[PDB]
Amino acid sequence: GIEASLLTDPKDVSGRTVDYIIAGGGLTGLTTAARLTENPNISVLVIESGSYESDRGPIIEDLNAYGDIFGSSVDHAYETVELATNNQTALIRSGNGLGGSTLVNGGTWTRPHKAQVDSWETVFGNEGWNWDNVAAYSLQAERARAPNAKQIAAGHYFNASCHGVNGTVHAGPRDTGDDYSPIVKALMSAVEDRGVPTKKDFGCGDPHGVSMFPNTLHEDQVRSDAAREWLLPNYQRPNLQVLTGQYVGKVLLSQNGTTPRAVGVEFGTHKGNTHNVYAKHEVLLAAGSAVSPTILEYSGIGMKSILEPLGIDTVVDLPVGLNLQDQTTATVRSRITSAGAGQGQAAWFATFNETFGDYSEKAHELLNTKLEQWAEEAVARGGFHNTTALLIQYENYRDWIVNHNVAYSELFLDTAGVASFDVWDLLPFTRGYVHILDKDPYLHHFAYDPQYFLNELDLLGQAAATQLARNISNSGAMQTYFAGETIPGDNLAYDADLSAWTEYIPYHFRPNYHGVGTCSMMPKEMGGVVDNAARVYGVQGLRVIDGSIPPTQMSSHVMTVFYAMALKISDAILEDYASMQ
């Protein structure tokens, strides 16, 4: 089977050459490995730090066991710096194993707003990166199943035109076999009373209102992790090889002309016992947004101000590691009446005004007047290097909010015995960074600082959205099932105002684990690290193809876009392979 095909001994790859080396066998890495090896003449070696976990059992295969895997060897649990908002560190859950974070994630399958993806082309100068093109690649990746009568009665709505049905990633309604809770439709009724839309298909380009959604699982409810979907059907390909249990430490560079060329990578688990493997065509970094930028820095690609003090020569100076954008998540949970029993998840993608309510006027005033100041402050905190360029991102977010009315926060509902909301501001203005703190890749000594709540609108927005979750939990039809709040519960007065929520939130939040931007895909002039074909500026044969590259956040869960991104970049890689024969 697959396990016997996987390589574990470095001696089996040391010194060899393949066409492409992919660092990281996660979502983007395995999608790309599969796409590239469709041509039998193209060889790929994936180097993954973890191992095969897809058939371990329910802890991985059952989406309802979500979170049980945290703290295990399948969770990297990257620790942040001591955060300024609360003087505590936080853990960034991140999958360690073939499939990456798709082994441990919530399985939510939704897409962002058309205007958000269109701006990657119109504002971030990435030719061809627009909604129509990216969505086509997303549907190509997708193998969706329409909901049945029971699922539709629970609240599902599926527009076939917005989904691929002959792709690779199996997606369909989560259905534990139990009755669906009426609380999903109660939330829909409660927001309908406020004039908010419901049941829009969140795969169509307008994620607004309250809807249910597909999940990444097969009909039999087994998790559709990226290894199960992209590696398990293809592992017998002789041109596709996978080394497990090893970390890529750095990219090996050779230079005989005006630009360095990536010729391979160094890998291992500890300093002093490393090996190299080589790429005839290209090295592709797919180790995740917390790691790919560090691999570049360990290689001499990053800011001299960061590298020089660590004893690393700066081969290519780029703002690697800046522009980190992750969201903050808080919880409101309530006990329910027995009539609310049953399974079901849904989410409210709430606009800026839906989020802020009566505070909308004040929040809009901040958005209209503080952008330059906020940009200067984020740059001074080291979250970005160029104020003028950061202001472009801020003006883009303001445009999304004011002129497109895109969803600003997400209130994610879980039922199954309670009414629980995990809530996050989708569009943070704060910008953080990740930088290595030592030259030894295998020490894994780094400073990962998302700078949560260091921008005032992010704190106000999170507080408003979380207060909204409490409000809606006891509004309209939701009152039918409400049986008392349990979180915050005693920890925050039930009648708390917005100011009280802003004081509470820094001590009751978790990272959302949607970090993007550390190797941003935008022009070098704007602070970018990679071009529109994911190529690292000024380096031959080196690309970053994972969550490090989106230059902005999006009003959605990211898998639909990341699968699309990997297929789109794979086409660019194949075009270069075809022309360079």
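Only the largest set of C-alpha atoms that superpose within 1.5 Å between the two forms is called the rigid core. Throughout, we count residues from 1 along the sequence that is shown.
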| property | result |
| --- | --- |
| Stretch with greater C-alpha deviation in 4 other deposited structures of this protein, 287-295 versus 253-261 (rigid core superposition) | 253-261 |
| Stretch exceeding the other in mean C-alpha B-factor - 339-347, 251-259 | 251-259 |
| 30-38 set against 523-531, stretch whose average Cα temperature factor tops the other in the entry | 523-531 |
| Residue, from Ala279, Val379, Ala287, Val81, that the PDB entry assigns the highest Cα B-factor | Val379 |
| Candidate residues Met559, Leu567, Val13, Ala23, the one whose C-alpha B factor the record puts highest | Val13 |
| Ranked against its chain, the third holding the CA B-factor of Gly272 | highest |
| Third of the chain, ranked by Cα B-factor, where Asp225 sits | lowest |
| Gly538 CA temperature factor, ranked by third within the chain | highest |
| Third assignment of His445 from its chain's C-alpha B-factors | lowest |
| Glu192 by Cα B-factor - lowest, middle or highest third of the modelled chain | middle |
